[PDB]
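Take a look at this one chain, the form deposited in one PDB entry, written out in structure tokens.
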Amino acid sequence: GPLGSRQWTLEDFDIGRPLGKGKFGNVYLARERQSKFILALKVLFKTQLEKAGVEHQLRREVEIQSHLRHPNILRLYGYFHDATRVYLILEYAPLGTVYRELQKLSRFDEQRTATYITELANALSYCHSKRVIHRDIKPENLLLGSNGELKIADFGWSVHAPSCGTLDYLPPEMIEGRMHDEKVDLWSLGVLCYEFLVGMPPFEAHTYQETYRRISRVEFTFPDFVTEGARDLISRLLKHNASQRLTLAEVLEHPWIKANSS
């Protein structure tokens, strides 16, 4: 492909409409001028990265992504900069974010949910084998390909094991500033499964302090419609003791996953 070749500049691209907004910058549709290749560009600001102390994290993300190749991980082809801005050259996800899909549908059926969980678990299995922990799994970081396949994105917070918004997706060991490993992604997977079926994550609250309290205690309940198989998978992922959480192999072979995934 044309985005694997070169020292990229902004003048190499036609810029299109905004695809999304982020805390650290906007994402735009783009077209590479020579090849006419359609892609996305995320535009970040130097001052903003400097002040937050995250420039090395961005370098690490680009480096991590230079190695990862999986159909359920969104490609990051490389980056360039000008005087004031840094630009990430990204694979375009034509069907948008899972975050937006959930807003539109309110909740997902068991089939769509199990299918997304399967694809996520495959992507994460691959990351963990290449010892990469994602650490930032949530619906805004999950995008959809031409055929509706899930693609994980944003390795800006990723680390090699062991080692911005709400607390909703973070496990007890992370919110308490403790040592943590690959099992953090397993907790976030449980949170996602719940959110997909219910329409909101299990520790959601009006305050950071209440979300913190409920995560620490693993204090949550299921609405009446959540089936016993889904309850089982979620309860075996949302364990305070990280070592007790299901492995990804065990998720992919879970009876509820097997029955409902396409």
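Basically, rigid core = biggest C-alpha set you can superpose within 1.5 Å across the two forms. A residue's number is simply how far along the shown sequence it sits, counting from 1.
Although not depicted, the form deposited in another entry is the subject of the following passage.
*Asks:* Might you check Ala93, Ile89, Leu150, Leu192 and identify the only one whose CA position changes by 2 Å or more between the shown form and the other one on rigid-core superposition?
*Replies:* By this measure, the answer is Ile89.
*Asks:* Does superposing the core leave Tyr77 with a CA shift of 2 Å or more between the shown form and the other one?
*Replies:* For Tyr77, whose C-alpha is compared between the shown form and the other one after core superposition, the shift is 2 Å or more.
*Asks:* Is the shift of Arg107 between the shown form and the other one large enough to count as movement, that is, does its C-alpha move by 2 Å or more after the core is superposed?
*Replies:* No, the C-alpha moves less than 2 Å.
*Asks:* C-alpha of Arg60: shift of 2 angstroms or more between the shown form and the other one, rigid core aligned?
*Replies:* After core superposition, the displacement of the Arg60 C-alpha between the shown form and the other one reaches the 2 Å mark, so yes.
*Asks:* Since the CA distance of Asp185 and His180 differs by 3 Å or more in the other entry, is it closer or farther than in the form displayed?
*Replies:* Relative to the shown form, the pair is closer.
*Asks:* Since the Cα separation of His180 and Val98 moves by 3 Å or more in the other entry, tell me which way: closer or farther than here.
*Replies:* Between the C-alphas of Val98 and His180, the gap narrows in the other entry (3 Å or more compared with this form).
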